[PDB]
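Student: This one's a deposited entry, sequence included:
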Amino acid sequence: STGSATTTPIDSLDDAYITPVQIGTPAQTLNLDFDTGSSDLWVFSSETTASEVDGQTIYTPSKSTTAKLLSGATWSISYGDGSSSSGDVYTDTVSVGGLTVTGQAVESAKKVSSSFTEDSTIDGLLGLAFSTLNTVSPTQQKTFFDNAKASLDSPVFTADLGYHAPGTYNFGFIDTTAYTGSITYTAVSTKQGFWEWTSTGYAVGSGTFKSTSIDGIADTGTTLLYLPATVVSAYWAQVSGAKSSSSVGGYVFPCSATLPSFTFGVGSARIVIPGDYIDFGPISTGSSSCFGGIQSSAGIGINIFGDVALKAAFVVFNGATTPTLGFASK
């Protein structure tokens, strides 16, 4: 089997991407944030504290003839940006772009933190990291991809995120028309539960390539590119007036600037992030200070190849017995 679904930016800055997901019978369609940095499929629901729902579409398990309460199961997750959610668990039928999993754990939120409430466009998350990170207790549950894997034509999914435009998540096949040149594959460590890999280096604009190993995670659920302070400083030093602002919480730059590109290495291959992808707009409405899309990972504890990086590529998440990651230009 295969599946193919369009993923759409939630706003004009590509702060996140939503993909429609069918849950239950009859189908209830929710727009979920596909997140290769976590492993829980959780949804706003009829059980979510009413004051914490503000415009989201909810899953109502009592209206699904295939929903079954997973007795005694609870979940609770905290994300790297400080947000969180928790609740109980159903199993139900879940379909993505024509690909159907029966018996998928659908984690129903009883509580969500303010950042989730405040984002009316995201109805929940669909985790695509390794199932070892799944938070369901006392019986850990599998991701949608893990459940689908054996049925797929090939045990892969691909992320093709757009810049200020829709893109695609495919399951079970590689669309050879969706990228240019070849796909370069690189080793993955699953030791921390992530799609963790090592970039071979970077360049800033038309500058020379610096060969240096950068361990980090391919994370569709993180907006920005978080890299070591040395790398980030080298980037922003090429933008007149750019500075790290403690009050704002990262590098800012004059909105009048033209940003240089940023290149990262995948083996001997190179992915070029155009400068415009690194612009996250005014820090506050009407400001002429703009927020940067490349930020320091210092104090996160891990480097994160988030959407800023991934959207410059066609990305293969290869879930073979030994997982690997592939990157192509597009």
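Tutor: That came through fine. Numbering: from 1, shown residues only.

Student: where along the stretch 51-200 of the chain do the strands fall?
Tutor: All strands of the stretch 51-200 of the chain, identified by DSSP state E, counting those that start in this stretch, fall at 68-78, 84-96, 99-112, 124-127, 156-160, 167-171, 184-187, 196-204.

Student: Report the buried residues of the last one.
Tutor: For strand 196-204, the neighbour count (16 or more other Cβ atoms under 10 Å) marks 196-200, 202-204 as buried. Heads up, the C-betas are built off the backbone N, CA and C, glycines and all.

Student: Could you identify the longest helix within this protein?
Tutor: helix 229-236 (DSSP state H).

Student: now what about that helix, what contacts it?
Tutor: For helix 229-236, the external contacting residues (Cβ atoms under 8 Å, 6 or more residues apart in numbering) are 202, 204, 210, 214, 242-244, 251, 253, 260, 262, 292, 294-298.

Student: Adding distance to residue 5, write the buried residues of strand 196-204 out as JSON lines.
Tutor: Shown next, in JSON lines, are the buried residues of strand 196-204 (distance: Cβ to Cβ, whole Å):
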{"residue": "196", "distance to residue 5": "25"}
{"residue": "197", "distance to residue 5": "24"}
{"residue": "198", "distance to residue 5": "30"}
{"residue": "199", "distance to residue 5": "28"}
{"residue": "200", "distance to residue 5": "31"}
{"residue": "202", "distance to residue 5": "32"}
{"residue": "203", "distance to residue 5": "34"}
{"residue": "204", "distance to residue 5": "35"}
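
Student: Max pairwise distance over those: which two?
Tutor: 196 and 204 (24.1 Å; Cβ to Cβ).

Student: What's opposite the closest residue to residue 104 other than its chain neighbours in the beta bridge?
Tutor: Distance criterion Cβ to Cβ, 6 or more residues apart in numbering; nearest residue to residue 104, sequence neighbours excluded, is residue 94 at 4.1 Å. With DSSP bridges as the criterion, residue 94 is bridged to residue 23, residue 101.

Student: what number of residues lie near residue 94?
Tutor: Residue 94: 27 surrounding residues under other Cβ atoms under 10 Å.

Student: what sits against it?
Tutor: When contacts are counted by Cβ under 8 Å, 6+ apart, residue 94 touches 21-23, 41, 100-101, 104, 106, 144.

Student: cutoff 10 Å now
Tutor: 21-24, 27, 30, 32, 41, 43, 66, 100-106, 126, 144, 147-148 (Cβ atoms under 10 Å, 6 or more residues apart in numbering).

Student: ok, and for stretch 178-186, which residues are buried?
Tutor: 179, 183-186.

Student: Name the residues that touch that stretch?
Tutor: 158, 160, 167-168, 170, 174, 176, 197-200, 218, 265-271, 313-316, 318, 324-330.

Student: Going through the residues you listed, which ones are buried?
Tutor: So, by 16+ other Cβ under 10 Å, the buried ones in those are 158, 160, 167-168, 170, 174, 197-200, 218, 265-266, 269-271, 313-316, 318, 324-330.

Student: Who are the contact partners of the residue positioned nearest the centre of the chain?
Tutor: Centroid check for the chain by Cα atoms, centre = their mean gives residue 220 as the closest residue, at 1.8 Å. Shown in contact with residue 220 (Cβ under 10 Å, 6+ apart): 7, 16-17, 33-38, 126, 128-129, 159, 161, 169, 195, 305-307, 310-311, 315, 317.
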